[PDB]
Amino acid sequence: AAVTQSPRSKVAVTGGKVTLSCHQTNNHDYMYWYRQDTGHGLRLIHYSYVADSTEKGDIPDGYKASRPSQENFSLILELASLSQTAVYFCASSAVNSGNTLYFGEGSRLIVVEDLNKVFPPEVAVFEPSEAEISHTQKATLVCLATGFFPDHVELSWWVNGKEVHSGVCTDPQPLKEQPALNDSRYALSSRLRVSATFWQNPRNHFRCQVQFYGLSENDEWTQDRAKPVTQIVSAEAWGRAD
């Protein structure tokens, strides 16, 4: 609401131009662009405290900034490199707020070498075992998403058309199917646990939804397969009385 940046996800090729936009509605004087790496933390790329001017931060190599008005601060990558894949965060602050930082939602950027290594996921749901039912009077459904690239996916469970959360337990991060390669496709699973009687109701509908982030429009696609755009892939199952 205060600071909004776009796009939230992008996939681009090496040597291509990527620009990240950032808008704030707080009339703040400072704007910043940070980079989020898992082992390094949050590093400053460029900042601005006055319009039409930009100051270089700590790691400005390979990035360029521009602040054409007090409300907008863009980050331009002239020739995108593999080293520039990270989550980019925009921020603002002003003295009238004591220079506390306000952050945007984040821009997750993945850069690849051929753009044809991105695949949407394949989703399947597995029904509970009778052994669990007889032993614990509980039923655990397992969802499995495989063969997707990049690993930017969000998984959710839907029971009778409404999202559920109680009983859901998802993996912390996807695992690499080919952990030796730098272009490995990923896999992710999640568990939904209910009562035995709830699963034994044939009127109860279970659906596993996987939000995938991939290509956008205006991306040249000349492959036999379908263009791996940002989409949702789903797998469902119905309860069984016996």
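When you see a residue number, it is the position in the sequence shown, counting from 1.
Using the B-factors recorded in the PDB entry, average over the C-alpha atoms of 99 to 107 and of 164 to 172, then report which stretch comes out higher. It is 164 to 172 that shows the higher mean C-alpha B-factor.
Of the two stretches 177 to 185 and 36 to 44, which shows the higher Cα B-factor on average in the entry? Of 36 to 44 and 177 to 185, the stretch with the higher C-alpha B-factor average is 177 to 185.
Which one, 92, 72, 156, 137, has the peak C-alpha temperature factor per the PDB entry? Reading the PDB entry, the winner on C-alpha B-factor is 137.
Within this chain, which third does the Cα B-factor at residue 216 fall in: lowest, middle or highest? Residue 216: CA B-factor falls in the highest third of its chain.
Place residue 229 in the lowest, middle or highest third of its chain's C-alpha B-factors, as listed in the PDB entry. Highest third - that is where residue 229 ends up once the chain's C-alpha B-factors are sorted.
Comparing residue 21 with the other modelled residues of its chain, is its CA B-factor in the lowest, middle or highest third? Bottom third by C-alpha B-factor.
Entry-reported Cα temperature factor of residue 112, expressed as the chain third it lands in: Top third by C-alpha B-factor.
For residue 143, does the deposited CA B-factor place it in the lowest, middle or highest third of the chain? Middle third.
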